[PDB]
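Taking the form deposited in one PDB entry, here's one chain by itself in structure tokens.
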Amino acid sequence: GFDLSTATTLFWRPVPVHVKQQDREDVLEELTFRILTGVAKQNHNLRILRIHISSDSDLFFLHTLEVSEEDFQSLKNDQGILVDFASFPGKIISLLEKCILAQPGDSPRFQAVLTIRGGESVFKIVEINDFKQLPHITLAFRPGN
């Protein structure tokens, strides 16, 4: 449970995302990202990060991520992150900005991908070079609010 009353919005704008689903065609579509930091109603001491992916065109397209300070430690180790939970939102925003600022003839090229396969969808921002898609951030999103 997130306290939307005590929540602060850091980022609210569309971001270009490559959306892959199992039975549908790949689509390059601009999805609205809203990033919120705040505390839970159950405990002002628990700090939480909220990211909401939505489409202005589709009312059924909703994907949500909530990360707690405890959850961040697992994310920090598994992904080699070197910043604290306080700096974590700003780094995500800068990565989202690089996807927005990406140009067609970019090498390496920054690209954002939302992969929807059943009950979960995995969001990733990658830098595509000659060798590999190197991962900058990978986040697990659940359908709904």
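Rigid core: the largest C-alpha set superposing within 1.5 Å between the two forms. Residue numbers here begin at 1 and follow the sequence given.
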I need to verify one thing: averaged over C-alpha atoms only, is the B-factor higher for 56-64 or for 115-123? 115-123
Using only C-alpha atoms and the B-factors in the entry, which stretch averages higher, 90-98 or 35-43? 35-43
Test of reading the entry: by CA B factor among the chain's modelled residues, which third contains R13? lowest
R24 by Cα B-factor - lowest, middle or highest third of the modelled chain: highest
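Although it is not shown, the form deposited in another entry is what the next lines describe.
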Listed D106, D78, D58, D26; moving between this form and the one not shown by 2 Å or more at the CA after core fit is just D58
Is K132 one of the residues whose Cα moves 2 Å or more between this form and the one not shown, with the core superposed? yes
Any idea whether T8 and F60 get closer or farther by CA distance in the other form, knowing it moves 3 angstroms or more? closer
Look at the CA atoms of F61 and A7: state whether they lie closer or farther apart in the other form than in this form, given a difference of 3 Å or more. closer
